[PDB]
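J.: Got a structure for you, written out below as structure tokens; questions coming shortly.
We place every Cβ from the backbone using ideal geometry, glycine too, and count neighbours over all the protein chains shown. A short reminder: the numbers here are calculations on the coordinates, not readings from a lab.
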Amino acid sequence: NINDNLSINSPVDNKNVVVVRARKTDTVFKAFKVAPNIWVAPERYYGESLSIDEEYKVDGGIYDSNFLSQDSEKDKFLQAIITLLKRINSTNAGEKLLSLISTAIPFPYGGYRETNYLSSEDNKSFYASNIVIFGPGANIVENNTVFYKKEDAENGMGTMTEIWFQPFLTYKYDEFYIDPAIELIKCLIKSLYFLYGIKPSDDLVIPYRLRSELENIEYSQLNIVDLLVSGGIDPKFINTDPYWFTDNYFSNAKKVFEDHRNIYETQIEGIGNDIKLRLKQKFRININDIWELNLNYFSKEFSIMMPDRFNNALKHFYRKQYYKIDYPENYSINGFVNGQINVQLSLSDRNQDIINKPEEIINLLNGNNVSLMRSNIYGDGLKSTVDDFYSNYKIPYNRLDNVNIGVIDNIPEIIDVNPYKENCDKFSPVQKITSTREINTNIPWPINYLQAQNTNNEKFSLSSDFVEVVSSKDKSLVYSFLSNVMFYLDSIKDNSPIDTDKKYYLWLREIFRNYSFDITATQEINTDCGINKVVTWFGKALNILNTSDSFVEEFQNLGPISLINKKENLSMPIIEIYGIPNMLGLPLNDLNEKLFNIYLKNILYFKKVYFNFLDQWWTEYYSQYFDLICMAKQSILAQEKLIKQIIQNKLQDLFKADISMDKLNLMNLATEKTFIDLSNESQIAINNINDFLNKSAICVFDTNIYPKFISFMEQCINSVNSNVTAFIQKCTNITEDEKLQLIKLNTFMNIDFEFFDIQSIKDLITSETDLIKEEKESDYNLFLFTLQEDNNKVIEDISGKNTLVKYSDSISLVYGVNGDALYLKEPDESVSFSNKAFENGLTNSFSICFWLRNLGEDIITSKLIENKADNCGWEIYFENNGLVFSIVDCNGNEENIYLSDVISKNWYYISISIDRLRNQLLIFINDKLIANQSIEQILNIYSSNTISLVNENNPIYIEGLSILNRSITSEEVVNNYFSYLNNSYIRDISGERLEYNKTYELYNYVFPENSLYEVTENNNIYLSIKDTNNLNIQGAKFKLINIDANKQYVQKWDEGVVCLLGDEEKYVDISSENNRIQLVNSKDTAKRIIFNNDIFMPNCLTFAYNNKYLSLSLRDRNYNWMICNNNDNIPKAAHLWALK
């Protein structure tokens, strides 16, 4: 669909390249059409002067007259747009949106006249057009939408649209960079309002945020169109059910559409299918659908993350740093190269000239009235109103599936038009001045504390006192709250200077451990509201409740409300409950039908009032909590930026000392990998802040806003329930006795209007962006997935970090413990895993676990699994009977640990953990902890990015290989072990699946080394364990049989018989004289037995007959018989058996 291969210098053709004039202005501009009725003009917008006065420059803007003036950049402009537009077409959602845009034409004027046309300079042709994409205007970091004719955009006729765009710049929000493709869609959807002409009047506005920073009460506002289109969480507080916010626009909008529908049904006959047929597609969609379109829909389609809360006032919350984009070097048809978090962008050079205009200055005065510091607070730049909207709003009582891309594609393009007059409305740019207040205080604000943690000097020192930092002259102090880090740095002032890489490693490790303990500190509080995790350092970070010894103690006594500044802001709205029924006829008790419908409505009216309070909580109470979250994040990053400088300074000094060039190279590599660990640890703290304040905000509703809603509604019921009693006395036809019944049946108690769910509010707080984050984060660097298939193997990593796998052919798949295992049957076979995370370094912590089965049956050393390079790293290999785990340091420190249990043809579960915060190493075999060591002396381990799995001569099975980026505990190991074995199969003593029609030997769990053998006492034949002297005797041989031949493996709850090999077939039967088991020579009398096992004894088995287990008996002379037991004097263990 998308036109391409169009570039600057392409000759004018009057078909795809034209020159047209801008409205009635005496200027022209080249144009290119990328799709039917869609155009792109690679120019700066004609309607503004690129140069403006210093007074009129808005906050946070960039101004540059030379941008997009040279043909060099002008050509790149066309390619960037085409890359994004084709990117949108990649998904069906984009096709519907773009297709609907192409087919949407303004209603022709009443012979008929058309508005959709761009006039050629010389008045000799006209080109159909709906959208025009220009370059940025005066401000090159803001996108707009401009309507061709104002009235037509509101009267339902519709009009042409113009869009501005900035494709070459972006900024990062939290972890990710913002995708420009989503920005283009936001401006495209807003165009549909203009073509359908459903633009609301400029007075249709809603409150958006309480400007709590100001001393006087003031509210910001947002247009209804912006709130609907922008998407996020806010619209969920307006678009409730039933609707609680109404205006004439909604009712008026629906009516006008029907009128043009009807007139069209007479217009269907006539000038050309290019128009008559085109209007049919426009009328297929209903206006209600357009009101439903929003960005949240598209983020799901493209899996694009974006800001979600107050995403139209971000200018107030934090400052934006810009980055550059290059097409197609960084951005292609599949979005950002390497994804939205790992894309490697370069800071823009235009960050140095952002216009700053504070909304207010906070001047901090000392005891002598001298300004210690002045901080700046910036406004969101939205419209402000001082009137209380909620107090003056009266809650009323009385009040893209069918796009069919196929049909639109077949519509012939417009060849000729009948131009209409006065399509061009004169454009005048809106220019506004920014005002500024000022304030004086003696108590620092949170913004004052935050500004004290920044600095410009490369040399400084952390201080825990706020007074010294601000009052210092040299500016060699910066405020900090890392108690442990400051304590450590202060305890080594007198030591000799660092001059050895070994001493550098020890210093670097202590800084990292202390920083992680300080930043991730939390405490647990039990509240009426749930369980809460309180961030301990919150008090000192921003000076909230910081006036006492402990922050957590104060928090419990005063509660969540104490954090915010403006405590009481609620206002009762205007209520209009005329509950009195409005008397004709109704002579019977069938009056109940009328009364019941009135009862139902009164419930809804109670709900809409409830939604009004939630919106007030969101706009007036949540807003102030979200502000604390942003400031707390700014604080964490500021402290992180200071630790990097301290580390950088130490390393730069050490580079001047007398250390080998090669050792310096490794120290540089180890430090670089540590910076990644600091960033990860900071990200944990940010997550702790979020949930801590989200639960506080939700909770203030339960204890503060909700009780007020009860009291206000308590009176509004006494006023309406009595009004229903009065009515039913007036009614005469019904009997008196029924009056008492109906009064009791239509009376509201407190229960009827009581709505609150702690869960149902948490669903509102969670956006789609939060779902993407939790659906894409894990602790696995490697998760091997194996799958046999017809003439095909599938071996790959599904961990989401896309490790690379390389394996030699002839690697076969075979069933192992719970799925498919690699079978390295033949010598010199190998498998490789490649990932950057496998280079460990000094600070990383990780874990590895897998299942193992060895068919070597030889006492010879052999390599198994290795990540060593030049005798630095770790490995596992065979020695003697068991395994050995080795880990070697750059300096030559080692740990060689020997594990003794391992022998041939058994299944083992091996799990290894490395913990650097505690300096602890843990090794598990199956269920039990084998080793618990301190690796305090190991320091730096740096090796390849490749892990190699190999054979020498031993055939082996491997299954479930996996690697974690964190240490594990005993509880996790035990759960994993038993959960994996909890499947439907019975197993042998060695861990393999049991089989029908295969020979075995039988052992009892109580006597694990004696096998059963046949004994003849009378003509009958019995079984018992061998005595202590005749142990040399050979055990009997058994087999399992199922009636259904061709069945191979035994599963739980299967029935069968037991057969003994010999010269004559024998089968097991239960004696009657005594409950001993005896052998018979007839398959007819053989007993049917049920097979089963125990969850916590995976490789053992049990036989059951009519719900009685088979077990051993107490000693009888020399024999312990195999019997059908019912006594309680025999141990429960005696009824567990093992095979082979």
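J.: Checking the structure you have, find out if any residue of the range 994-1011 is under 49 Å from the mean Cα position of the chain (by Cα) and not hydroxyl-bearing (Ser, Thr, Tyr).
T.: Yes, the conditions are met somewhere in the range 994-1011.
J.: Okay, next question. Collect the residues in the range 557-594 that are surrounded by 17 or more Cβ atoms within 10 Å (Cβ to Cβ), assigned to a helix (DSSP H, G or I) and either among the acidic types (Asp, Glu) or under 34 Å from the mean Cα position of the chain (by Cα) (or both), keeping them in residue-number order.
T.: Once the filter is applied, which keeps residues that are surrounded by 17 or more Cβ atoms within 10 Å (Cβ to Cβ), assigned to a helix (DSSP H, G or I) and either among the acidic types (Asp, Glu) or under 34 Å from the mean Cα position of the chain (by Cα) (or both), the range 557-594 yields only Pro560.
J.: Sticking with this one: Out of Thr769, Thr732, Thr747, I need the residue that is exposed (fewer than 15 other Cβ atoms within 10 Å of the Cβ), among the hydroxyl-bearing types (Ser, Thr, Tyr) and under 30 Å from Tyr610 (Cβ atoms). Which one? Don't jump to the end; show me each part of the working.
T.: Numbers: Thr769 fails: exposed (fewer than 15 other Cβ atoms within 10 Å of the Cβ); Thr732 fails: under 30 Å from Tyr610 (Cβ atoms).
The unique qualifying residue is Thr747.
J.: When the residues of the range 868-910 are filtered to those that are more than 23 Å from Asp988 (Cα to Cα) and in contact with a helix residue (DSSP H, G or I) (Cβ under 8 Å, 6 or more places away or on another chain), which remaining residue is surrounded by the fewest Cβ atoms within 10 Å (Cβ to Cβ)?
T.: Checked the range 868-910; the qualifying residue surrounded by the fewest Cβ atoms within 10 Å (Cβ to Cβ) is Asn891.
J.: Would you be able to say whether some residue in the range 69-87 is part of a loop (DSSP other than H, G, I, E, B) and over 36 Å from the mean Cα position of the chain (by Cα)?
T.: Yes.
J.: Out of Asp1069, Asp1094, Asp1044, report the one residue that is closer than 30 Å to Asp927 by Cβ and charged (D, E, K, R).
T.: That would be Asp1094, the only listed residue that is closer than 30 Å to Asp927 by Cβ and charged (D, E, K, R).
J.: Could you run through the range 803-853 and say how many residues are farther than 30 Å from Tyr505 by Cβ and assigned to a loop (DSSP other than H, G, I, E, B)?
T.: Selection size over the range 803-853: 13.
J.: For the range 764-784, does any single residue satisfy the condition of being over 21 Å from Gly339 (Cβ atoms) and in a strand (DSSP E or B)? Give the derivation first.
T.: Taking the range 764-784 and keeping what is over 21 Å from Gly339 (Cβ atoms), we get 764-766, 784.
Narrowing further to those that are in a strand (DSSP E or B): 784.
Checked against the condition, which is being over 21 Å from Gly339 (Cβ atoms) and in a strand (DSSP E or B), the range 764-784 yields at least one hit.
J.: For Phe389, indicate whether it is surrounded by fewer than 17 Cβ atoms within 10 Å (Cβ to Cβ) and farther than 30 Å from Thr27 by Cβ. Break it down stepwise before answering.
T.: Working: surrounded by fewer than 17 Cβ atoms within 10 Å (Cβ to Cβ): yes; farther than 30 Å from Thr27 by Cβ: yes.
Considered against the rule, which asks whether it is surrounded by fewer than 17 Cβ atoms within 10 Å (Cβ to Cβ) and farther than 30 Å from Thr27 by Cβ, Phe389 comes out as yes.
J.: When only residues in the range 1062-1097 that are in a strand (DSSP E or B) and of a type in the set (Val, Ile, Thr) count, which is farthest from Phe978 (Cα to Cα)? Break it down into steps so the answer makes sense when it comes.
T.: Within the range 1062-1097, the subset in a strand (DSSP E or B) is 1066-1070, 1076-1080, 1089-1094, 1097.
Restricting the remaining residues to those that are of a type in the set (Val, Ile, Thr) gives 1068, 1070, 1077, 1080, 1089-1090.
Details: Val1068: 33, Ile1070: 34, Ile1077: 33, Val1080: 39, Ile1089: 26, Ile1090: 23 Å.
Among those residues, the one meeting the criterion is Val1080.
J.: Sticking with this structure for a sec: Count, please, the residues in the range 961-986 that happen to be under 18 Å from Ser830 (Cα atoms) and touching a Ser or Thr at 6+ places or on another chain (Cβ under 9 Å).
T.: Just the residues of the range 961-986 that are under 18 Å from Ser830 (Cα atoms), to begin with: 961-962.
Applying the additional criterion that residues be touching a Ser or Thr at 6+ places or on another chain (Cβ under 9 Å) yields 962.
Residues flagged as under 18 Å from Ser830 (Cα atoms) and touching a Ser or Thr at 6+ places or on another chain (Cβ under 9 Å) within the range 961-986 amount to 1.
J.: Here's another thing I want to ask about it. Just to be sure before I move on: is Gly1056 surrounded by 14 or more Cβ atoms within 10 Å (Cβ to Cβ) and of a type in the set (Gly, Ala, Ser) in the structure I sent? If you could, list the steps in order and put the result at the bottom.
T.: On the way: surrounded by 14 or more Cβ atoms within 10 Å (Cβ to Cβ): yes; of a type in the set (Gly, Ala, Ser): yes.
For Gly1056, the condition - surrounded by 14 or more Cβ atoms within 10 Å (Cβ to Cβ) and of a type in the set (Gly, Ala, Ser) - is met.
J.: Which of (1) more than 30 Å from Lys607 (Cβ to Cβ); (2) out of contact with any strand residue (DSSP E or B) (no Cβ under 7 Å at 6 or more places or on another chain); (3) among the aliphatic types (A, V, I, L, M) does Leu787 not meet, given it meets every other one?
T.: Only one criterion in (1) more than 30 Å from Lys607 (Cβ to Cβ); (2) out of contact with any strand residue (DSSP E or B) (no Cβ under 7 Å at 6 or more places or on another chain); (3) among the aliphatic types (A, V, I, L, M) is unmet by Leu787, namely (2).
J.: If you don't mind, another one. Counting only residues that are within 18 Å of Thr159 (Cβ to Cβ) and of a type in the set (S, T, N, Q), which one in the range 1-48 is surrounded by the most Cβ atoms within 10 Å (Cβ to Cβ)?
T.: This residue is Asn37.
J.: Hey, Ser719 hits all of (1) surrounded by 14 or more Cβ atoms within 10 Å (Cβ to Cβ); (2) over 29 Å from the mean Cα position of the chain (by Cα); (3) of a type in the set (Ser, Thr, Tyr) but one; which does it fall short on?
T.: (1)
J.: Ok, one more. In the range 1023-1076, how many residues are under 22 Å from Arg993 (Cα atoms) and among the hydroxyl-bearing types (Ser, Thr, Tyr)?
T.: Result for the range 1023-1076: 1.
J.: Just a yes or no: is a residue in the range 280-287 surrounded by 18 or more Cβ atoms within 10 Å (Cβ to Cβ) and under 30 Å from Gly381 (Cβ atoms)?
T.: No; the residues of the range 280-287 include none that is surrounded by 18 or more Cβ atoms within 10 Å (Cβ to Cβ) and under 30 Å from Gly381 (Cβ atoms).
J.: Something else: Take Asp380 and tell me if it is assigned to a loop (DSSP other than H, G, I, E, B), touching a strand residue (DSSP E or B) at 6+ places or on another chain (Cβ under 7 Å), surrounded by 13 or more Cβ atoms within 10 Å (Cβ to Cβ) and acidic (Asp, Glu). Let's see the steps before the verdict.
T.: Working: assigned to a loop (DSSP other than H, G, I, E, B): yes; touching a strand residue (DSSP E or B) at 6+ places or on another chain (Cβ under 7 Å): yes; surrounded by 13 or more Cβ atoms within 10 Å (Cβ to Cβ): yes; acidic (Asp, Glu): yes.
When the stated conditions are applied, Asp380 passes them.
J.: Follow-up question, since we're still on this one. When you go through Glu524, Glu554 one by one, which is the residue that is among the acidic types (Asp, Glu) and surrounded by 16 or more Cβ atoms within 10 Å (Cβ to Cβ)? Can you show your working first?
T.: Numbers: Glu524 fails: surrounded by 16 or more Cβ atoms within 10 Å (Cβ to Cβ).
Residue meeting the stated conditions: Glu554.
Yes or no, residue by residue, for (1) of a type outside the set (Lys, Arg); (2) touching a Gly at 6+ places or on another chain (Cβ under 9 Å); (3) under 24 Å from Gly530 (Cβ atoms):
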{"site": "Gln729", "(1), (2), (3)": "yes, no, no"}
{"site": "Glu754", "(1), (2), (3)": "yes, no, yes"}
{"site": "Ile758", "(1), (2), (3)": "yes, yes, yes"}
{"site": "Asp763", "(1), (2), (3)": "yes, no, yes"}
{"site": "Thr766", "(1), (2), (3)": "yes, no, yes"}
{"site": "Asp779", "(1), (2), (3)": "yes, no, no"}
{"site": "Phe783", "(1), (2), (3)": "yes, yes, no"}
{"site": "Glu789", "(1), (2), (3)": "yes, no, no"}
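J.: Inside the range 257-356, counting only helices (runs of 4 or more DSSP H) that do not spill past its ends, which hold 1 or more residues that are within 30 Å of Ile433 (Cβ to Cβ)? Write out each step before concluding.
T.: On the way: elements: 276-284, 287-292, 295-302, 314-317, 339-342.
Fully inside the range 257-356 and qualifying: 314-317.
J.: OK, next. For the range 203-243, which positions are aromatic (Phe, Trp, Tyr) and surrounded by 17 or more Cβ atoms within 10 Å (Cβ to Cβ)? Spell out how you get there, then give the answer.
T.: The initial filter retains those residues of the range 203-243 that are aromatic (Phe, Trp, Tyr), namely 208, 219, 237, 243.
Within the range 203-243, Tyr208, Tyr219, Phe237 meet the criteria.
J.: Let me ask something additional. Can you name the condition, by its number, that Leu1012 falls short on among (1) surrounded by 15 or more Cβ atoms within 10 Å (Cβ to Cβ); (2) farther than 14 Å from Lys1140 by Cα?
T.: In the conditions (1) surrounded by 15 or more Cβ atoms within 10 Å (Cβ to Cβ); (2) farther than 14 Å from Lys1140 by Cα, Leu1012 misses (2) alone.
J.: Give, as residue ranges, the strands (runs of 3 or more DSSP E) completely inside the range 976-1043 that count at least 3 residues that are of a type in the set (A, V, I, L, M) and out of contact with any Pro (no Cβ under 9 Å at 6 or more places or on another chain). Show your work before the answer.
T.: Working: elements: 1002-1004, 1007-1016, 1021-1025, 1038-1041.
In the range 976-1043, 1021-1025 are the strands (runs of 3 or more DSSP E) which contain 3 or more residues that are of a type in the set (A, V, I, L, M) and out of contact with any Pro (no Cβ under 9 Å at 6 or more places or on another chain).
J.: What tally of residues in the range 149-165 results from selecting those that are within 30 Å of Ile325 (Cβ to Cβ) and buried (at least 20 other Cβ atoms within 10 Å of the Cβ)? Please lay out each step first, then the result.
T.: To start, the set of residues in the range 149-165 that are within 30 Å of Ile325 (Cβ to Cβ) comprises 160-165.
Those left that are additionally buried (at least 20 other Cβ atoms within 10 Å of the Cβ): 160-162, 164-165.
Residues flagged as within 30 Å of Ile325 (Cβ to Cβ) and buried (at least 20 other Cβ atoms within 10 Å of the Cβ) within the range 149-165 amount to 5.
J.: If only one of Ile105, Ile101, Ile52, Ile62 is outside any loop (DSSP other than H, G, I, E, B) and among the β-branched types (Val, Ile, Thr), which one is it?
T.: Working: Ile105 fails: outside any loop (DSSP other than H, G, I, E, B); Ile52 fails: outside any loop (DSSP other than H, G, I, E, B); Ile62 fails: outside any loop (DSSP other than H, G, I, E, B).
Step by step, each of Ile105, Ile101, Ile52, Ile62 is checked, and only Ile101 is outside any loop (DSSP other than H, G, I, E, B) and among the β-branched types (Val, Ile, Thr).
J.: Additional query: Would you please name the residue that is farthest from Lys276 (Cα to Cα), looking only at residues in the range 98-128 that are surrounded by fewer than 19 Cβ atoms within 10 Å (Cβ to Cβ) and among the hydroxyl-bearing types (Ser, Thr, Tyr)?
T.: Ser120
J.: Restricting the search to the range 484-505, which residues are loosely packed, with under 15 Cβ neighbours inside 10 Å and closer than 22 Å to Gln639 by Cα?
T.: Scanning the range 484-505 gives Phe487, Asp490, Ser491, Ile492, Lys493.
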